[PDB]
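# Residue-level structure breakdown
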Amino acid sequence: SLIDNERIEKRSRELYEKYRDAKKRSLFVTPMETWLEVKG
Amino acid sequence: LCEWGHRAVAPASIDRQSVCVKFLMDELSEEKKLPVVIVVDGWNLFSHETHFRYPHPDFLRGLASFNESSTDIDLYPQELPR
Amino acid sequence: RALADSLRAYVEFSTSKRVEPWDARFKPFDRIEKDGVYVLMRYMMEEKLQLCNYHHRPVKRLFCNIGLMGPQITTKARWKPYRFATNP
Amino acid sequence: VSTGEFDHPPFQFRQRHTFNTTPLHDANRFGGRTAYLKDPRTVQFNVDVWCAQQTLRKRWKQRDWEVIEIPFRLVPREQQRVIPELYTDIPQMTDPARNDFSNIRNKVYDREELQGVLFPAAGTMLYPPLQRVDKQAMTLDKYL
Amino acid sequence: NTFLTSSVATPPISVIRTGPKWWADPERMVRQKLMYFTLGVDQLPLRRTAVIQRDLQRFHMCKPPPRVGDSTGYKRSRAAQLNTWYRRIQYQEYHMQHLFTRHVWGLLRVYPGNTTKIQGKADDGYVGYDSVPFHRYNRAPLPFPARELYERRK
Amino acid sequence: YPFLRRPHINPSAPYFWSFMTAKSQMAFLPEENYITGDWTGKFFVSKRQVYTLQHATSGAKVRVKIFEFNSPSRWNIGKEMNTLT
Amino acid sequence: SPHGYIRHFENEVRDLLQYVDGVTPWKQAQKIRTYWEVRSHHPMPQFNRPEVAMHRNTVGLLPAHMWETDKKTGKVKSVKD
Amino acid sequence: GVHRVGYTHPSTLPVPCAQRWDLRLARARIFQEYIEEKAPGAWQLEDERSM
Amino acid sequence: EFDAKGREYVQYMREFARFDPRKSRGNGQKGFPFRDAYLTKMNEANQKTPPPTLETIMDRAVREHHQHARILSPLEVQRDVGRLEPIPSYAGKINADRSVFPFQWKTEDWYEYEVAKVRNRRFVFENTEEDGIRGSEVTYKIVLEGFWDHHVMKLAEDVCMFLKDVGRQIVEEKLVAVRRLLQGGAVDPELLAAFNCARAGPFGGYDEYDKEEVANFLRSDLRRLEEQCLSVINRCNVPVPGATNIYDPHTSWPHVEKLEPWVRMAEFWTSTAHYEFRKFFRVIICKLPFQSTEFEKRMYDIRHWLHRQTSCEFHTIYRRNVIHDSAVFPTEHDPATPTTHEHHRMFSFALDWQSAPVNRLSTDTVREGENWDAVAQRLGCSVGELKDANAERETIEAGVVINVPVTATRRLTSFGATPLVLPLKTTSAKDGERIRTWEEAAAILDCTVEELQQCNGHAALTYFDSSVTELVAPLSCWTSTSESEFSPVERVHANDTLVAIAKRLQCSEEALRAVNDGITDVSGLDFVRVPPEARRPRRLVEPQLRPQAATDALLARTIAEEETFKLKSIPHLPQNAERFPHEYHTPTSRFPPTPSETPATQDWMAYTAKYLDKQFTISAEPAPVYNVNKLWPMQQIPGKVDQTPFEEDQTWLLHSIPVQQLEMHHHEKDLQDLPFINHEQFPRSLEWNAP
């Protein structure tokens, strides 16, 4: 759980911004939308 | 904060609970004055593993047609690391 | 031509989307369509369930492979019987 | 001892779904895998195969260790002996001399103990040292 | 529940004639007592059945003596009276078992077997995925999928 | 009677290659499809002989215990005469 | 003389193989075809079993160039030579 | 857990030791043991009825 | 006294009390300890016996002290209200320990105990150098079979009264000779040489025994033989008609032991009837501390006066000396190119491997200008031993034949792996043109016309046509030379050192240093050239493996016609086979099919690094340096993708495993037709043991 603790914290704080921005367009936000990579 | 996290309409609660719990854990870790007692039944479960497995990478990569990639996701079950 | 009829019928039905195999009566498929297992199906399985055309064997094996449901997805989830899923 | 059913029910007549009886070959007996089903002998053989599958899966889930093959020199004194192969000699006790009466074959070594022989190339402790509690210390348990 | 097939009714007398085999099977009686205890109600008919069956099983191997014969017949009449009293207590407990099990199934949202009545949910027979395509008694077409007696939320 | 030990041994589409047919498809054709040794000719061909393209061709004669099989077509190839009856 | 299993007949298997090789000509051996080789002439020799991959069946696997189907029910009424 | 079975040559290890696959091949040479290549690693069933 | 079970368990407990795993060696099921006590000892939870409960201690103390009335044991209280018995000595004196009683054990340990006990039934070394009954050298067992238990019992009594007297006289006449030899004798020079045969003895190097020491060894052996003979004679004299017991090994000699009767019940129509054949057995065991062919003769001659309708069979377990000739069966370094699983394939036992032992050339030819020590160094033998082996010739001349000493460590196998070719079109022949005749080429190769035919095949069937240039000589012709036979280079182990390589190759450190350009360290090297003086070199390939030439000769016509017709290939499976897995189910394939290998799935760290967390630091869960066996205890072919047995029920349920539908087949239960038929060869007891 603590491997890359600082880097993961930085990434999560950066990603919360993207999540909040996305919540203004879709009722349900998705990990595939935020960080998980689901392509065609 | 807890009320905002857990009081919501589905599926909007699914993505809200993660944010709520992450921030609640961060703030509880920050607090350094109030004694907080954490009691958990069955700590071995939180210690070793959960029976959930990682999804097969085919469900994430994406597919066009099934006979193309010769994927066996719907042909044979597998056991991803827990 | 009699053999032709049977073979064509089999091949045509193979492509059919007869029914969703899972029994909505019993959990975990009991939950409302907007939460629980249906969210995972809608956002990770739509591209695969439609490919397999909702056949019970592909559906069960895909559910097993995804793993986020776990062994319970067949240890406690009740599907429809053979013919009861076969009929559209 | 196991309380699960091992034999297939006999067929001497057609049963019904009643208070004390259920239809033969229903989706309740062996986890619904009777949908594949004639001859009692072959049916019992298939049930035996299924029971062996269950035994194997639980026996393997019970397994939490791994069988890395270590060279003789880099090995504990208890395993620096000659260990007969399975079913060749009497179940061997680890060390009767040191009052360790335990099947040596079932011994399991914590992975955070052989880092000196495993991973000799990595100069950093990939697994932190194991924390061992002090028995000779007044603690909440020993206070009453 | 996972016994969802069409079933066959059985008269309470033939249900109770089993006794130690299934009717008074000790494990089954223990879990019925556990159902009642969890619901929070006294298991009095169950305990009457339990003591009846214990005392009957204590003697089931003894052959009664050949009766000499009394014209008044008061002895035979009293014996039959007590036998029927025991049978009636067992009938009461038999009915209680079904009543409370159906109530609990309705509470927990458990679908019963075909042609089973749950007081709140399905007054008439509930039939789901039966061999016969229509109602066994009402001669009407059952819908696909089987009727959902309860809500969807878990 | 012992199981499946009798002296005497409606086509299915999905199991067309798996009913009364050899377990393995890689296996070569049986003794009944080939001329073993010096012969004068067969009165009948064995009912286990696999229909072939040569059979679907001119096919001088076809006799199976009596059946004529004088309706040659490519749909009859790949299966034994017992289930081609 | 070895007895019992075939794995104990070390020399005799070698002798049988050498003899059969020296006696069998490839001109005689070219004739035996395989079951799948015979099947290949069928309009549609390969089917997907209902055990594993029945769902893989695609409309292209059918021999649709040699028969005609009715427009109402869809089943084949006749077949061509 | 689908995986690929591994092998370490005695030379690569810091202190060499006769590997168990090498011992297996030695046993196969001595006793002429046919080793089926396609033997599945998942199908290891023992007849409990006898064992 | 005691009942049967009480006696049985008292004997069990005494055996366990005097049990010793070291004394339980070389023995069958009789070496296994008292199962219950042994497993209770092994169980760890039973290694801690809880002390009495606080309530028990409080009550005992209250009655002992506050009330002046000690608590008596249930065995110490007087139950008979009209009689007063004496308290037993064991009343309250037996301590309670969980490791001794009651017996609790682990299920897996019990399973192993049972399986090992049933599998080590015949792993008994009957003839040992023990004392009394256990000690013997030759064990004879006579299994007497009859149709009635009393018939066989009476026959056993007769045969015992026979063998008792015969063995008495024979052991008597052996005892006379033993006593005479003890009184005095002479040492055999053959025996003294046998003692002073070893090169280096236990004490330092060469040892030198004396005839006096040899006679002392003989005296010890003959004394123990005398003790064994006297025990046999005394046991022979014990039995008397007034009080005789021939079923006890301690009382009489020989003793009779019982064997389970062979019973075969058959049920058939009549309305059904059950009738069973029966055959009763008795085993007479004679254990002699010497091999007497006279006794063997008199024992074999019993079948001629055997009782009516009774038969007998003889089992003999005798000590025999077996030599392990290290010369014909030597120890060699594991070859440079190791064997793979292909060499142990189906039908490989006939095509790939020579029968052991592999021939090693005892004869050599001398090369050009080879020095006497040069030949010895090339053969890996010492100069002195080479002289001793080839004392016929004082000096070595080129091209002469020499006898390589058996202990030479560079001895050569039959034929080298490098083929011998002989190009035609050469003008060296008589015609000065292409050699066309077959026998002229055969004479050039010094082989037979047929040997030359088989090794080519193509020239024979095209028989010459100018298309033939390369002519391979027959395997029986070309030779193996040490340079090709032995690997010129050897791989260096990790963290190896030059002294270690020198010791491994039995060469000289300076030899390695000179051959390898004077290198000091080897850490920057993976392969080092071996000196030609290495006394323990590593062969290029396994000596026991067949040459490809032998199998080509086996398949001579196949290759000839293949090269003639130029047939390339024909696919075994059609090009669309892969798309349909369940079809084309080849007979060698078997469920469960292995899915494809996902690139990064071996652990959660790899999965997170590749698919979930792209910026994950640790690529994968740390993997040790030594070899980890996932499919333990199953050894899979290395480098093969495989799947470990599943841990969920749904995987096994949903995975494609067919069910048995036709009749069951077993590779040995087919001769026994069915469980109800079960053909048997002879009516031997199911308890019968092969010696």
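Residues numbered from 1 in each chain as written, not as in the entry; some residues may be left out. Chains lettered and ligands numbered in written order. Part of a larger assembly, values for the part shown. Heavy atoms only, no water.

In its metadata, the entry names cryo-EM as the structure determination method and reports 3.3 Å as the resolution.

As recorded in the PDB entry, chain I goes by the name LysM domain-containing protein, listed as coming from Trypanosoma brucei.

As annotated in the PDB entry, chain C carries the name mS71 and is attributed to Trypanosoma brucei.

## Let's talk about the overall build of chain C
Looking only at helices and strands, one finds five helices and zero strands in chain C. Seen in sequence order, chain C has helices and strands lined up from the N terminus as α-α-α-α-α. Across its three principal directions, the C-alpha atoms of chain C cover 50 × 25 × 20 Å. A burial count over chain C gives 60% of its 88 residues as buried. For chain C, the exposed surface amounts to about 3600 Å²; the carbon and sulfur share of it is 55%. (Helix = DSSP H or I, 4+ residues; strand = E, 2+ residues; numbered from the N terminus. Buried < 20%, exposed > 50% of the residue type's maximum accessible area, 1.4 Å probe, protein only. Areas by Shrake-Rupley, 256 points an atom, 1.4 Å probe, with all protein chains shown as cover.)

## Some words on the overall build of chain I
The number of helices and strands found in chain I is 21 helices and nine strands. Relative to a compact globule of 691 residues, whose C-alpha radius of gyration would be 26 Å, chain I shows 38 Å and is clearly more extended. A principal-axis box enclosing the C-alpha atoms of chain I has dimensions of 130 × 90 × 80 Å. Of all 691 residues assigned to chain I, the portion counted as buried reaches 34%. Of the roughly 43200 Å² that chain I leaves accessible, carbon and sulfur atoms contribute 54%. Taking the average location of the 82 positive side-chain charges in chain I and that of its 103 negative ones, the two points are 6 Å from each other. (Rg over C-alpha atoms; globule rule 2.2 N^0.38 Å. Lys, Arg positive; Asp, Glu negative; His and termini not counted. Charge placed at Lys NZ, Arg CZ, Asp CG, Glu CD.)

## Concerning the packing of helix α5 (residues 149-183) of chain I against helix α7 (residues 211-237) of chain I
Residues and elements named next belong to chain I. As a packed pair, α5 and α7 sit with axes 9 Å apart at the nearest point and diverge in direction by 150°. Here α7 runs roughly antiparallel to α5, going by the angle between their axes. Here the hand of the crossing between α5 and α7 comes out left-handed. When α5 is examined against α7, the residues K164, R168, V171, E172, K174, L175, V178, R179, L181 and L182 are found in contact with a partner set consisting of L222, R223, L225, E226, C229, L230, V232, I233, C236 and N237. (Axes fitted to C-alpha atoms, helices over the stretch in contact; angles between N-to-C directions. Parallel < 35°, antiparallel > 145°, perpendicular 65-115°, else oblique. Left-handed = near helix turned anticlockwise from the far one by under 90°. Contact = heavy atoms within 4.5 Å.)

## Quick notes on the interface of chain H and chain I
You'll often see interface size given as the accessible area lost when the parts meet. Taken residue by residue, the interface counts 39 residues in chain H and 48 residues in chain I. Both sides of the chain H and chain I interface together cover about 4300 Å² of buried area, and 61% of this is carbon and sulfur. For chain H, the biggest contributors to the area lost against chain I are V2, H3 and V5 of chain H; these three give 16% of the whole. Put simply, chain H and chain I have four salt bridges between them. One salt bridge connects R345 of chain I with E37 of chain H, and the closest N-O pair in it is separated by 2.7 Å. Remark: the boundary between chain H and chain I carries 16 residue pairs in polar contact. Looking at the side of chain H that touches chain I, the elements that each hand over two or more residues are β1 (2-4) and α1 (20-31) of chain H. (Buried area = accessible area lost by both parts, 1.4 Å probe. Salt bridge = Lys/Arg side-chain N within 4 Å of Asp/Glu carboxyl O. Polar contact = N/O pair within 3.5 Å; in protein donor to acceptor, adjacent residues only side chain to side chain.)

## Observations regarding the nonpolar core
Residues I142, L144, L163, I284 and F295 of chain I are the most contacted members of the largest nonpolar core, which totals 35 residues. Among the elements that line this core, the one with the most residues is α5 of chain I, at 12 residues. If we skip the residues at most four places from it in the chain, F295 of chain I touches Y140, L163, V166, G167, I170, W253, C286 and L288 of chain I. Counting residues in hydrophobic clusters, the runner-up holds 20 residues, among them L40, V59, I66 and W79 of chain C. (Core = buried A, V, L, I, M, F, W, Y, C linked by side-chain atoms within 4.5 Å.)

## Some points on the sheet that holds strand β1 (residues 138-146) of chain I
Residues and elements named next belong to chain I. Read from one edge of the open sheet, four strands run β2-β3-β1-β4, paired in antiparallel fashion. Every other strand in the sheet has two partners, leaving β2 (255-269) and β4 (311-318) as the edge strands with one partner each. Between one strand axis and the next, the sheet turns through 20° on average, direction left out of account. With eight bridges joining them, β1 and β4 adopt antiparallel strand pairing. By the bridge assignment, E145 is partnered in β4 with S311. Relative to the sheet, α5 contacts β1, β2 and β3 (272-288), its axis offset from that of β3 by approximately 10°. (Pairing = 2+ DSSP bridges.)

## A closer look at the pattern of salt bridges
A side chain of one charge can pair with a side chain of the opposite charge when the charged atoms of the two come close. Here the structure, examined in full by the defined rule, presents 67 salt bridges over all chains. Among the ionic pairs, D221 of chain I bridges to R224 of chain I, the shortest N-O distance being 3.6 Å. Taken together, the positions of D221 of chain I and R224 of chain I, both in helix α7 and three residues apart, correspond to about one turn of that helix. Bridged by salt links that share partners, the residues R53 of chain B, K61 of chain D together with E647 and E648 of chain I form one connected network.

## Let's talk about the packing of aromatic side chains
Enumeration according to the criterion identifies 53 aromatic pairs over all chains in this entry. A ring pair is formed by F19 of chain D and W22 of chain E, whose centres lie 5.0 Å apart and whose planes are at 75°; its orientation type is edge-to-face. One end of the pair, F19 of chain D, is in the segment before α1 (40-61); the other, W22 of chain E, is in the loop between α1 (12-16) and α2 (26-39), on a second chain. Look at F19 of chain D and you get partly exposed, because its relative accessible area is 27%. Geometrically, the ring pair formed by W110 of chain I and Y111 of chain I is edge-to-face, given 5.6 Å between the ring centres and 75° between the ring planes. Among the residues examined, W110 of chain I registers a relative accessible area of 29% and is labelled partly exposed. Look at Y111 of chain I and you get partly exposed, because its relative accessible area is 38%. One aromatic cluster is present, built from ring pairs that chain together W22, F29, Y38, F63 and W79 of chain C. Here the guanidinium or amino end of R684 of chain I rests over the ring plane of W688 of chain I, the centre of that ring lying 4.3 Å away. (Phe/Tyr/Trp six-rings, centres within 6.5 Å; stacked < 30°, edge-to-face > 60°. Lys NZ or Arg CZ within 6 Å of the ring centre and 35° of its normal.)

## A word on the environment of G128 of chain E
Note on placement: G128 of chain E falls in the segment after β2 (122-126). Residues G128 of chain E and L4 of chain E lie 124 residues apart in sequence; the distance between their C-alpha atoms is 7.7 Å.

## Some words on the pairing of strand β2 (residues 100-103) of chain D
Successive residues of a regular strand alternate their side chains across the two faces of the sheet. All names here are of chain D. Two strands pair when backbone bridges link them, and strand β1 (residues 93-95) and β2 are joined in this way by two bridges, in the antiparallel orientation. Among the inter-strand pairings, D95 is bridged to a residue of β2, identified as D100. Counted along the chain from β1 to the antiparallel partner β2, the turn is four residues long, and its residue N99 has a positive phi close to 60°.

## Things to note about unusual backbone geometry
In this structure, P11 of chain B follows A10 of chain B across a cis peptide bond, with omega equal to 0°. Residue placement: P11 of chain B occurs in the loop between α1 (2-6) and α2 (12-30). Omega for the peptide link from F144 of chain E to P145 of chain E comes to 0°, which places this bond in the cis form. Mapped onto the elements, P145 of chain E comes out in the segment after β2. Non-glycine residue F69 of chain F carries a positive phi angle of around 50°. Mapped onto the elements, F69 of chain F comes out in the loop between α1 (53-56) and α2 (81-84). Not every positive phi belongs to a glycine, and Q309 of chain I is a case in point at roughly 55°. Along the chain, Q309 of chain I falls in the loop between α8 (293-300) and β4. Assessed through its relative accessible area of 60%, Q309 of chain I is described here as exposed.

## Focus on a negative patch on the surface
On the surface, a cluster of negative charge is made up of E208, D210, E212 and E213 of chain I. With respect to the helices, strands and loops of the structure, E213 of chain I is situated in helix α7. (Patch = residues over 30% accessible without salt bridge, like charges linked within 9 Å, V, L, I, M, F, W, Y side chains within 5 Å.)

## Some words on the arrangement of the chains
Ranking the 22 pairs of chains in contact by contact count places chains H and I at the top. The two units chain A and chain H are non-contacting; their minimal C-alpha-C-alpha distance is 23 Å. Taking C-alpha atoms as the reference, chain E and chain I come no closer than 18 Å and do not contact one another.

## Details of helix α1 (residues 5-22) of chain A
For the α-helix, the turn length of 3.6 residues means that residues three or four positions removed from each other point alike. For α1 of chain A, which comprises 18 residues, the first-to-last C-alpha distance of 25 Å matches the rise-based estimate of 26 Å (1.5 Å per residue) to within 8%. The inward-facing, buried residues of α1 of chain A contact α2 (31-34) of chain A together with α1 and α2 of chain B. (Expected span 1.5 Å × (residues − 1).)

## Some remarks on the side chain of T598 of chain I
Along the chain, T598 of chain I turns up in the loop between α19 (556-565) and α20 (604-612). A relative accessible area of 13% means that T598 of chain I is categorised as buried. Other than its neighbours up to four places away in sequence, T598 of chain I contacts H56, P57 and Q78 of chain B together with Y611 of chain I.

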